[PDB]
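Asker: Please find the sequence and an experimentally derived structure below.
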Amino acid sequence: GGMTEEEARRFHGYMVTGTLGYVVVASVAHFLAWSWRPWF
Amino acid sequence: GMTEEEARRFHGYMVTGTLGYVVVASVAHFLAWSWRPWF
Amino acid sequence: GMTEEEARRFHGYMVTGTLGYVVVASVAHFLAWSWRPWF
Amino acid sequence: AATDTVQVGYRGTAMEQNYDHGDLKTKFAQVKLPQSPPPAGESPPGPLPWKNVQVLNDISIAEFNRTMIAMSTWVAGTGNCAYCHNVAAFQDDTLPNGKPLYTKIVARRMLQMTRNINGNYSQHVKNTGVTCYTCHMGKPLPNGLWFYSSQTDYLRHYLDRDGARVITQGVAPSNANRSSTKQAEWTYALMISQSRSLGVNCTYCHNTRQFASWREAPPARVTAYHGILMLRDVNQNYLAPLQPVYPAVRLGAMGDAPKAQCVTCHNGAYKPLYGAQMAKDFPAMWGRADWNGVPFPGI
Amino acid sequence: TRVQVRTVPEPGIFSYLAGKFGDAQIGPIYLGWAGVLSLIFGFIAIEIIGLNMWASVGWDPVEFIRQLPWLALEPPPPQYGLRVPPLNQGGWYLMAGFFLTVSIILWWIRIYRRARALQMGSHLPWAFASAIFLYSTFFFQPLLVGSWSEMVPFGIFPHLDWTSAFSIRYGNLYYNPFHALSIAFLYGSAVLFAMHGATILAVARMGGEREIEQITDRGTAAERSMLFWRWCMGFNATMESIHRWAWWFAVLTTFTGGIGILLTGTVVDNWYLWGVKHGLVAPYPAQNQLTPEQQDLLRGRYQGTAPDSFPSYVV
Amino acid sequence: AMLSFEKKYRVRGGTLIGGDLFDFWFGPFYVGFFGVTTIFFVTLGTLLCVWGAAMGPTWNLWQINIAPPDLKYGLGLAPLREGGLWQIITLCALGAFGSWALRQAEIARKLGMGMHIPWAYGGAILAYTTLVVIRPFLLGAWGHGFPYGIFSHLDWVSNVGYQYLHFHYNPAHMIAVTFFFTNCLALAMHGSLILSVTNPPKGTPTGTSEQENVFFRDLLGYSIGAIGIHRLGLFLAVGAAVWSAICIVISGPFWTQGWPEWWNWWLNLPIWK
Amino acid sequence: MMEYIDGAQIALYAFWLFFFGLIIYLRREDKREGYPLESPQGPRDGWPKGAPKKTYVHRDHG
Amino acid sequence: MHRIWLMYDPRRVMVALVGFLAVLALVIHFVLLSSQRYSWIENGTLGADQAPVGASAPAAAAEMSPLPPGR
Amino acid sequence: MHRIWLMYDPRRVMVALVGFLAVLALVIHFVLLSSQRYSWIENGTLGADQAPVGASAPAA
Amino acid sequence: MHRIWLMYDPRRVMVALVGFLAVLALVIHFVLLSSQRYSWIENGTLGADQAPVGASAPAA
Amino acid sequence: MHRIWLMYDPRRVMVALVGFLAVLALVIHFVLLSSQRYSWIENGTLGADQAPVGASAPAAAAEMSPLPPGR
Amino acid sequence: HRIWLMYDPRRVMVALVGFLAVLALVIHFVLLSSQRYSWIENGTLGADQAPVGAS
Ligand SMILES: CCCCCCCCCCCCCC(=O)OC[C@H](COP(=O)(O)OCC(O)COP(=O)(O)OC[C@@H](COC(=O)CCCCCCCCCCCCC)OC(=O)CCCCCCCCCCCCC)OC(=O)CCCCCCCCCCCCC
Ligand code: BCL
Ligand code: BCL
Ligand SMILES: CC[C@H]1c2cc3[nH]c4c(c3C)C(=O)[C@H](C(=O)OC)c4c3nc(cc4[nH]c(cc(n2)[C@@H]1C)c(C(C)=O)c4C)[C@@H](C)[C@@H]3CCC(=O)OC/C=C(\C)CCC[C@H](C)CCC[C@H](C)CCCC(C)C
Ligand SMILES: CC[C@H]1c2cc3[nH]c4c(c3C)C(=O)[C@H](C(=O)OC)c4c3nc(cc4[nH]c(cc(n2)[C@@H]1C)c(C(C)=O)c4C)[C@@H](C)[C@@H]3CCC(=O)OC/C=C(\C)CCC[C@H](C)CCC[C@H](C)CCCC(C)C
Ligand SMILES: *[C@H]1O[C@H](CO)[C@@H](O[C@@H]2O[C@@H](C)[C@H](O)[C@@H](O)[C@H]2O)[C@H](O)[C@@H]1O[C@H]1O[C@H](C(=O)O)[C@@H](O[C@H]2O[C@H](CO)[C@@H](O)[C@H](O)[C@H]2NC(C)=O)[C@H](OC(C)=O)[C@H]1OC(C)=O
Ligand SMILES: *[C@H]1O[C@H](CO)[C@@H](O[C@@H]2O[C@@H](C)[C@H](O)[C@@H](O)[C@H]2O)[C@H](O)[C@@H]1O[C@H]1O[C@H](C(=O)O)[C@@H](O[C@H]2O[C@H](CO)[C@@H](O)[C@H](O)[C@H]2NC(C)=O)[C@H](OC(C)=O)[C@H]1OC(C)=O
Ligand SMILES: COC(C)(C)C/C=C/C(C)=C/C=C/C(C=O)=C/C=C/C(C)=C/C=C/C=C(C)/C=C/C=C(\C)CC/C=C(C)/C=C/C=C(\C)C(=O)O
Ligand SMILES: COC(C)(C)C/C=C/C(C)=C/C=C/C(C=O)=C/C=C/C(C)=C/C=C/C=C(C)/C=C/C=C(\C)CC/C=C(C)/C=C/C=C(\C)C(=O)O
Ligand SMILES: COC(C)(C)C/C=C/C(C)=C/C=C/C(C)=C/C=C/C(C)=C/C=C\C=C(C)\C=C\C=C(C)\C=C\C=C(C)\C=C\CC(C)(C)OC
Ligand SMILES: CCCCCCCCCCCCO[C@@H]1O[C@H](CO)[C@@H](O[C@H]2O[C@H](CO)[C@@H](O)[C@H](O)[C@H]2O)[C@H](O)[C@H]1O
Ligand SMILES: [Fe+3]
């Protein structure tokens, strides 16, 4: 079969939100790493 | 198989993603150049 | 199979794309020669 | 990207040395171009003025001065008499602070060592000989320095150990040879080190159908064996007893003095400096009455 | 190709039959009591080896992977002879060797029982017994020379270090005639399987790969196989007997090998000198000649013990 | 003489060069044009080997040694007593081995067989050609070939190995050895299975394809099938010779250090450098 | 005692006698099909003389 | 942009993505752990000014003749 | 978020997760055990002010 | 130019594109990390004048 | 000249062409990177007069040899 | 010429192009390996400065 477009919108909304939430905690991880020992 | 309507819509995203990638890479290179130029 | 209708249009894209690429490469060599000539 | 090959044994035995041509040209150029040029000699008369000269008693004053210029070039940089001396008083063996000029103390021992190498180990160094440059390369530290580590370190073949043989000189097993296969592994590890130290392979010194054979081996194997006896003398009598002389930054973790090995002279080449012949130009270092028939210019 | 059949109920009367061929259970991969014990004993052998290797890099899991092919579980020191050694100095080695040996023998029993249950000839366990024979000479030859130090270290590059040093210690294993024979059968095994594999694929169009039918009811595929080799080299096997040539060439590889190892260090200590005695060694012109003083000067010492002190040279 | 079923198969045709002119048998042997060239090269090469033995120090079979020339001769033909004789024999060997493969192709064509056997034998010719042609040419002297002598070529193998200090560390050699050892196991396994179904214990029915399939699956955990085991044996045996050819051609032309220090790349992977 | 004779030489000739015995055995097995040979001068067995043709019995399903 | 999930199976892309991110995260940690500046398990308690730094260009003649370490 | 378990069979997910966590935890413990500072089986009693520290900058 | 996506399937190409870019990016980072000039994990805090430079020609 | 595409399948030519150009580009870059004069990552900042040049000839002392004596 | 009736141009074109590519690469790598024409390292030398083999 396949993915129906209203399911694809629901899935995309989660997938984009999850991706950005991961990037946000990785941003804080780099904020902490930089203030402990900057690499430039 | 794909329609031209879909090919139109695909190519728009494809080219826009190429541009966004080229933009980020250009900022990345200018940061790297400013930090430690290679010529 | 390939038609004459496809072939003449395709030859336009190939020749233009080839010449465009060779022009970009010509500028890359202009830059490289200016930085460190090899003769 | 071509390979140079040198045949060192009979047809079809594959006793051959292989060299990458580009790599070897590179290593060779990086010796020739830095190879230090020697100042020319002289022959003045008269009695010697020195206050605290103990090894170089036997050469003219001009030869002595020329030697000191060479030593600084070979160990310290071309003008760097301050590396060994209180420049206000060359005869001093101490700083103005009273603290000993340890580099001058070492260099005096290194002169005796070099004369001992060139004089007593001519079976190894023949008429090429060694000078300070052979080990030092213009720098205070030679390559290949080694210190006490574990009991089974094979570099102690060059200090206190003797005996590497493991092969039986007969068909049947006997009580004469009870060597372990582990001992053959230890000799094999030792022999890889020697091969690497000269940039050669096993066939330079052996026909590997019988590693024990001398008749089937190139004559270089006999020279190599005298190199082992020479290093034992150099390490036991000259380098190892300098333990109280150096600052603790020069010493090993056990507090032992740095010791030499084949690579210290050879630096990965089949002869040191690809066989450059410098010792013939510096009679201060010969330890011989004549160098290749050229007589020693005594006083 | 690319018209595969797929069988939903059980072939043997994709999928597989659960059932019996008389005493033999079909379905699961057969272990039985001997197979289960073999896996238990063999697992403990593998664990002892790996834990010793990992301990030798100080438990560092990065170095354990990075250095893995250089890591060894190493046999005892030579002066113990056949006595029990300290646990850290070969005691774990002998323990892993014991469990590995039991595990191998239990696997042989597992294979032997399965062949009999399937009502098959005993050819496979006797072929495996030839391999086990060679393996066991890496125990019996160290036993016959009187020291467990002569055993093979467990480790990828370390067991190859041993293989070279064994040939060095015993004066070049190329001149061991049973090593030479073992190589002839090893190469012959590659010659035969190349020839036979190519032969059967060359007649597979005619049903030649159905070898049991071709043995019981000779087809044109068998006849063409026989005529090819008869016309090529003047003699031929049969569809059955080519498998006997195959069987013996494989088996003789490890059998002649094992005899060569057992003879080494027990009967002959220098195979090159045995080669000279028996006329194997081709002459070359002398590369050097010693004077009588050099013959005394250039004899060395046999290798001794390592120095157990750090001398000072205070002078 | 002929096998009791043979006469039926002895037709004309399937030759490559000679047409009907050489399309005949001599006892069991098929001749053909490459039979003629085979015997020519075999006879010439063998008699030159016997001449090399005659001018050498002994007739002892093990000790005969026809050596290649000194490396100083490069890619020229040396004086015959100085190793030029080895070079002529090498040309005869190549002529014989090539003729043998082409003769096999004529025999397979006449019987309606696939060309698998000629191509499999090509794997052995490749390894020989690598040792005496390709690697010596890349090193720039025919003197890098191995000597023709039953033990003197083992002295060559010994010394070539130690030219790289510890040849066991050659990565292509490790693969080639693994193919040789796996081949011998596979040959023992396949040989045993066919014999044990066709020769069951006394008083037992002859076995079946299903029984060898069941047992093989217990041995390896998968069923290979009747064609699959012959594909595997051909792959292992020929792959061994191909990896052998690779392992020697990289030693010298491409790598010149000890083989142990080749592994320095693995120790320096950036995840753990 | 015996100088030239040694155990490795004894073992090797024991193997040779076994091995030639095995080649003879295998060549007998090789002749269970296609023999005796036809020839213009009559039938021929070569050497060694072949083992006889071999009859196989199959598992009864009746 | 959501139509990408019509083009690819949304079930399988997730497995591919998590597998990629896990491997990349491990690779970066092990690259750092093997470095000297960021061998944090041994030297993480060092302040940033006293953490290791890689070698630098001599910024000079690279020629000035040496002097011995004081005895 | 529970609809995610409709898209992935938890029989598969938990086996993969438990396998990942066990391997990761073992790797981390052994990385610590082989370090100087955290070789706790030999040195766990030392107390933090006298546990090892990796060498500060060579420029010191 | 969107007619090119009637020839080539987006499904095939976008996988091949992501694969090629990921491999190329990774190759370049490891090439730089292995260099002296750009071994940025050890030396990233050095100023541009302090960073290594390869040997010039002596010309003498 | 467009009739060349009646002979050769355009869809396949593009894959062959890009593959050739990608290989050639990588080969030339790695050749240059391996050279002394164009090892641009390490030495790209050198001026054109300071970049390495191959020798007009190599040199030696008469008693030195790069290769051991043989036969 | 009628030669294109004997040999398929669709084959000869590919065989020719492949031959020229192999020959061209061989000559470049031969020259690049020489002393006199190792142009990547020594291309900026003048003709009177470039290497010459022994007389
Ligand atoms: C024997 C009593 C003692 C015993 C103890 C010691 C020896 C033990 C082994 C005994 C084996 C049997 C010997 C024998 O008589 O065979 C007759 C038979 C011929 O076929 P046939 O079916 O039996 O007979 C038919 C024929 O009689 C009538 O038909 P036709 O009239 O058309 O035939 C023409 C005849 C003429 O007969 C001959 O010429 C006999 C030639 C025998 C040569 C043996 C040479 C051995 C020494 C070589 C030293 C080397 C010289 C360079 O038949 C032929 O045309 C001959 C076809 C066979 C061609 C054989 C080619 C060489 C085989 C390999 C040689 C050894 C390689 C190492 O020929 C063969 O089958 C020979 C090949 C079989 C053995 C191959 C074994 C290979 C082992 C390799 C592994 C070695 C590991 C170390
Ligand atoms: C379905 C709900 C919407 C949403 C609705 C809102 C609303 C409504 C507001 C914000 C606001 C904020 N959001 Mg938002 N936000 C969402 C997703 C995100 C994501 C992400 C990774 O997807 C991030 C990084 C953020 C981050 C942020 C901050 C930049 C900002 C300040 C508050 C804060 O610190 O929140 C910290 C929280 C997080 C970083 C993660 C969790 C986000 C939660 C689910 C958002 C709802 C709670 C809201 C903040 C509660 C207070 C406001 C209420 C109206 C009383 N949001 C989702 C998609 N967000 C506020 C703002 O702009 O203030 C000026 C605001 O009023
Ligand atoms: C410098 C090195 C030496 C040398 C030293 C040795 C030594 C030493 C030996 C050999 C041996 C062999 N050598 Mg030699 N060899 C050299 C040169 C060569 C050359 C060559 C082209 O130069 C070749 C082709 C060979 C070929 C061979 C084989 C014919 C023979 C091994 C047969 C076999 O099947 O072993 C492989 C098969 C086995 C080892 C049997 C294994 C069976 C067991 C039951 C398997 C158990 C698996 C277990 C359950 C798995 C889990 C294990 C755990 C992970 C630990 N050698 C040179 C001269 N060679 C052997 C021999 O027979 O010598 C006479 C031997 O011992
Ligand atoms: C004729 C000579 C050749 C030969 C033949 C040969 N080898 C053979 C055979 C034959 C005919 C077999 O029948 C036999 C076999 O089984 O083949 C598949 C075997 C065999 N040859 C082997 C290896 C081998 N053969 C080699 C060589 C040779 N084999 C020769 C070339 C070599 C080399 C070249 O070095 C090797 C390494 C094995 C694959 C196999 C014998 C297997 C065996 O004895 O296994 C014993 C058991 C173990 C090692 C333990 C495994 C432990 C598990 C990994 C642990 C997993 C956990 C476990 C589940 C826990 C327990 C829980 C319980 C409740 C279950
Ligand atoms: C490729 C995988 C393996 C392989 C396969 C293989 N070999 C094959 C075949 C196949 C598939 C054949 O069809 C073919 C054949 O007919 O077999 C009966 C053959 C064959 N494999 C042979 C041998 C052989 N194969 C070997 C190896 C291998 N063969 C590989 C490992 C070896 C090794 C490793 O040593 C040997 C000795 C022959 C029995 C046969 C090829 C017969 C042939 O070519 O006959 C014509 C030539 C002669 C009868 C004699 C020529 C004499 C020369 C003119 C003079 C001597 C020169 C020689 C270089 C001297 C060497 C002296 C040595 C002491 C060094
Ligand atoms: C280092 O010390 C040695 C002696 O230890 C000095 O060597 C002189 O010249 C030698 C040929 C001679 O054999 C030796 O006796 C001595 O005369 C060398 O010149 C260096 O001298 C300086 O350090 C001397 C030292 O020994 O510490 C110092 O000597 C004085 O001070 C110490 C105490 O610190 C005392 O023990 C000495 O008795 C005393 N000697 C003298 C002669 O004053 C030197 O001081 C002076 C003025 O000579 C130091 O010399 C200088 C220029 O600083
Ligand atoms: C430390 O001691 C060990 C053990 O004696 C020495 O190792 C010996 O020599 C090695 C070359 C060899 O591989 C090894 O098997 C072993 O035989 C090692 O070299 C160090 O030697 C010095 O210390 C020795 C020692 O045992 O203390 C000492 O030996 C002499 O003195 C002891 C008594 O203290 C006496 O038992 C020894 O018989 C005696 N041996 C000799 C030959 O005089 C060494 O003294 C001498 C002169 O050899 C020490 O050597 C040095 C240069 O300090
Ligand atoms: C060490 O020095 C060495 C390395 C050796 C020196 C050498 C270097 C060399 C040789 C370099 C070569 C470089 C190169 C050569 O090609 C480089 C080429 C790079 C390229 C091409 C980059 C292109 C990037 C494009 C991207 C990222 C596209 C993203 C698209 C997006 C985000 C759209 C997503 C949404 C979609 C699709 C929705 C569709 C709609 C649908 C379905 C609908 O609506 O239905
Ligand atoms: C180390 O140094 C050594 C190596 C030793 C030194 C030596 C080196 C040597 C010997 C080098 C030789 C080099 C060489 C020799 O010829 C190199 C030749 C290079 C060539 C030929 C390059 C050609 C490039 C062509 C390009 C990029 C074309 C692009 C076309 C495009 C973009 C169009 C796409 C449009 C489409 C698809 C739509 C179609 C229509 C549609 C769909 C429609 O109509 O519907
Ligand atoms: C936590 O789990 C971990 C991660 C540790 C599991 C991973 C383990 C790993 C990674 C293991 C790796 C193993 C490797 C790489 C092994 C390599 C082995 C090789 C290459 C071995 C090669 C040859 C070994 C031989 C021939 C050994 C022979 C030993 C023999 C024959 C010993 C026999 C001993 C006997 C019969 C008896 C001993 C006891 C006596 C009777 C003497 O009583 C004391
Ligand atoms: C450990 C984490 C710590 C750091 C903080 C992480 C913050 C993560 C932000 C999560 C925010 C969730 O906020 C929002 O949730 C709703 C459902 O509730 C999702 O909504 C999704 O499903 C609904 C149906 O239920 C669809 O109509 C919608 O189109 C779709 O996007 C959104 O995609 C997400 O944006
Ligand atoms: Fe078969």
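Answerer: On my side now, so go ahead. Residues are numbered from 1 along each chain as shown, chains lettered A, B, ... in the order given. Ligands and ions are numbered 1, 2, ... in the order given.

Asker: Give the buried residues for the host helix or strand of residue E:39.
Answerer: Assigning secondary structure by DSSP states H and E places residue E:39 in helix E:32-56. For helix E:32-56, the neighbour count (16 or more other Cβ atoms under 10 Å in any protein chain shown) marks E:34-35, E:37-38, E:41-42, E:44-45, E:48-50, E:52-54, E:56 as buried. Yep, even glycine has a C-beta here, placed from its N, CA and C like the rest.

Asker: Also stretch D:162-182?
Answerer: Neighbour-count burial for stretch D:162-182 [16+ other Cβ under 10 Å]: D:164, D:165, D:166, D:167, D:168, D:171, D:173, D:177, D:179, D:180, D:181, D:182.

Asker: and the next helix or strand after the helix holding residue E:39 with ligand 10, contact?
Answerer: Once the chain leaves helix E:32-56, the next helix or strand it forms, by DSSP H and E, is helix E:61-66. No. On the criterion Cβ under 6 Å from any ligand atom, helix E:61-66 is out of touch with ligand 10, staying 7.8 Å away.

Asker: for the closest residue in space to residue E:169 that isn't next to it in sequence, what are its contacts?
Answerer: Spatial nearest neighbour of residue E:169, excluding adjacent residues (Cβ to Cβ, 6 or more residues apart in numbering or on different chains): residue D:184 at 4.0 Å. Applying Cβ atoms under 8 Å, 6 or more residues apart in numbering or on different chains to residue D:184 gives the contacts D:166, E:165, E:166, E:168, E:169.

Asker: Now the two most distant members of those residues.
Answerer: Across the contacts of residue D:184, the longest distance by Cβ to Cβ is 11.1 Å; it joins D:166 and E:166.

Asker: who's in contact with stretch D:283-291?
Answerer: Contact with stretch D:283-291 is made by D:56, D:59, D:63-64, D:67, D:111, D:114-120, D:122, D:127, D:129-131, D:279-280, D:295-297, as judged by Cβ under 8 Å, 6+ apart.

Asker: how close does the nearest residue to residue F:165 once chain neighbours are set aside get to residue D:172?
Answerer: With sequence-adjacent residues excluded and distances taken as Cβ to Cβ, 6+ apart, residue F:165 is closest to residue F:258, at 3.7 Å. Here the criterion is Cβ to Cβ, to the nearest Å. By it, residue F:258 lies 35 Å from residue D:172.

Asker: what does residue F:158 give?
Answerer: 23 Å.

Asker: One more: residue E:74?
Answerer: 29 Å.

Asker: returning to what we had before: make TSV out of the contacts of residue D:184 and add distance to ligand 5 and secondary structure.
Answerer: Output for these, formatted as TSV (distance: Cβ to the nearest ligand atom, whole Å; DSSP: H, G, I helix; E, B strand; the rest coil):
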residue	distance to ligand 5	secondary structure
D:166	30	coil
E:165	26	helix
E:166	23	helix
E:168	24	helix
E:169	27	helix
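
Asker: Out of these, which are close to ligand 9?
Answerer: Of the contacts of residue D:184, not one also sits near ligand 9 (Cβ under 6 Å from any ligand atom).

Asker: So which of those residues is the closest to chain I?
Answerer: Nearest to chain I among those, counting by Cβ to the nearest Cβ, is residue E:165 at 30.4 Å.

Asker: shouldn't the closest one be in contact with residue D:179?
Answerer: No. If you go by Cβ atoms under 8 Å, residue E:165 and residue D:179 don't touch, sitting 10.3 Å apart.

Asker: ok, the residue nearest to residue F:165 - contacts?
Answerer: By Cβ under 8 Å, 6+ apart, residue F:258 lies in contact with D:192, D:195, D:196, D:201, F:164, F:165, F:166, F:169.

Asker: are any of those residues buried, and which?
Answerer: For those, buried by 16+ other Cβ under 10 Å: D:192, D:195, D:196, D:201, F:164, F:165, F:166, F:169.

Asker: Next one: the second one from residue F:170, what distance?
Answerer: Distance, residue D:195 to residue F:170, by Cβ to Cβ: 16 Å.

Asker: Same question for the third one.
Answerer: The gap separating residue D:196 from residue F:170 is 17 Å, by Cβ to Cβ.

Asker: before we move on, what about the fifth one?
Answerer: Distance of residue F:164 to residue F:170, given as Cβ to Cβ: 7 Å.

Asker: List the residues that contact the residue of chain D found nearest ligand 4.
Answerer: Residue of chain D nearest ligand 4, by Cβ to the nearest ligand atom: residue D:181 (18.7 Å). The neighbours of residue D:181, taking Cβ under 8 Å, 6+ apart as the test, are E:149, E:150, E:162, E:165, E:166, E:169.

Asker: Assign the residue nearest the centre of chain H to helix, strand or coil.
Answerer: Most central in chain H under Cα atoms, centre = their mean is residue H:32, positioned 3.8 Å from the mean C-alpha point. Three-state call for residue H:32 (DSSP: H, G, I helix; E, B strand; the rest coil): helix.

Asker: Does it touch residue H:41 like I think?
Answerer: No. Contact criterion Cβ under 8 Å: residue H:32 and residue H:41 do not qualify, at 10.3 Å.

Asker: correct me, but residue E:7 touches residue E:15?
Answerer: Yes. Here residue E:7 reaches residue E:15: they are 6.1 Å apart, a contact under Cβ under 8 Å.

Asker: Right, I'll call it a day here.
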